[PDB]
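Coming up is one lone chain in structure tokens, specifically the form deposited without 5-fluorouracil.
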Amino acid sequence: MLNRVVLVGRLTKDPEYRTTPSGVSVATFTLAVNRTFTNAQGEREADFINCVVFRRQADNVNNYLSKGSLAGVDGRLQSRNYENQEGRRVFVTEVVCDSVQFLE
């Protein structure tokens, strides 16, 4: 079914490498996406969105992007959950990127 997210934001930190539970390698980063609008009174505010990149694109991400870099992503929203090390069930929704555009 139709599932599309497109964002432009700035990386909060340098990108990382991780593996998924089944051992598949990804790149990860979090985009700070400033709001186009403003909170009642003109105050600047962002959403912080976790992005995941599969296949060789992950290497492009980890080399071209760093903390503060502007990036665009086009992908699908995916949900999952897990139990953290304190035994707490954590729910996430992340953007699984079909492409990443390097804007600087």
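Heads up: residue numbers just count along the shown sequence, starting at 1.
Chemist: Report the stretch with the higher mean CA temperature factor, choosing between 19-27 and 89-97 on the basis of the entry.
Modeler: On average, C-alpha B-factors are higher across 19-27.
Chemist: With respect to the recorded C-alpha B factors, which stretch has the higher mean value, 32-40 or 45-53?
Modeler: So the stretch with the higher mean C-alpha B-factor is 32-40.
Chemist: Considering only modelled residues of the same chain, in which third does the CA B-factor of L7 rank: lowest, middle or highest?
Modeler: According to the entry, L7 has a C-alpha B-factor in the chain's lowest third.
Just so you know, the form deposited with 5-fluorouracil bound exists too; it's not on screen, but the next bit is about it.
Chemist: Indicate whether 5-fluorouracil has at least one heavy atom within 4.5 Å of a heavy atom of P21 in the deposited complex.
Modeler: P21: contacts 5-fluorouracil in the deposited complex.
Chemist: Residue-level contact is defined here as any heavy atom of the residue lying within 4.5 Å of 5-fluorouracil in the deposited complex; does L65 satisfy this criterion?
Modeler: The answer is no: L65 has no heavy atom within 4.5 Å of 5-fluorouracil.
Chemist: How about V52: is it within 4.5 Å of 5-fluorouracil in the deposited complex, going by heavy atoms?
Modeler: Because a heavy atom of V52 falls inside 4.5 Å of 5-fluorouracil in the deposited complex, the answer is yes.
Chemist: Taking heavy atoms and a 4.5 Å cut-off, does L11 contact 5-fluorouracil in the deposited complex?
Modeler: Result no; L11 lies far from 5-fluorouracil in the deposited complex.
Chemist: Can you tell me which residues in 60-97 come within 4.5 angstroms of 5-fluorouracil in the deposited complex, by heavy atoms?
Modeler: If the 4.5 Å heavy-atom criterion is applied to 5-fluorouracil in the deposited complex, 60-97 yields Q78, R80, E94, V96.
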